[PDB]
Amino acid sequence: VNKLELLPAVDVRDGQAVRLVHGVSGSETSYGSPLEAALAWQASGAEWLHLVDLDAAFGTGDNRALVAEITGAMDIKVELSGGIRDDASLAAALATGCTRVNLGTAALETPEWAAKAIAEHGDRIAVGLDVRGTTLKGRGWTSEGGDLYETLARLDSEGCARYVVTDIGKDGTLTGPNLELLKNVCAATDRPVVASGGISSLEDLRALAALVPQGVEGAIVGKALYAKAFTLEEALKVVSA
């Protein structure tokens, strides 16, 4: 039985490492250099970096050169996300040499483009699902309501390799992950699921580790690390049990 993969996050806005609450632009708390942050996670033993360009996500310019620099400084695997919604932004992300990228709003807004990207790049693509209840959310996209399982079924049939599932209501809140959401997404797809949002404690990581057999492959950890709820060293030890 594989151990839960940990993906410490680095989110970049205006050249700084930041964390958001509920993914809302303007809720940024800042923590200094995102390059220094990434290197610190790597030094502590991270096998993955989850790297996000929030300016690209929000349509307020981008941090492309810095994201490339950070990715290039990593000897470990890198998952890159943020505003990947057309050929050029996808090409820019892939040119960083990252291990895989995440598509988010593109899967909702331009499903044919996303399906083509999956067909052409295979498991270099994962799709981020930002969830409230059973409703998927996207930047500049308004949902019809309750489309989580329809969308999951469509993406499965298009050959999507992997899903990053974020409970928006938990993101950046330190109130704990939505285990019930995660269990049911795992139940609905045979593809690996990466958990995101709300991790607040080592006990939360033990709970997520217990879901590896059900299909939780990994966990993205943001604010708990920056706000020092636990160290990455403690997190890596706990999931090695």
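The first residue of the shown sequence is 1; numbering continues from there.
Judged by mean Cα B factor in the deposited record, 136-144 ranks above the other of 120-128 and 136-144.
With 48-56 and 22-30 compared on mean CA B-factor from the PDB entry, the stretch scoring higher is 22-30. Taking only the listed residues 110, 166, 71, 102, the entry reports the highest CA temperature factor at 110. The entry lists a Cα temperature factor for residue 154 that places it in the highest third of the chain's modelled residues.
Residue 174: CA B factor lies in the lowest third for its chain, per the PDB record. Annotation for residue 7: CA B-factor lies in the lowest third of the chain's modelled residues. Split the chain's modelled residues into thirds by C-alpha temperature factor. Residue 36 is in the lowest one. When all modelled residues of the chain are sorted by CA temperature factor, residue 106 is found within the highest third.
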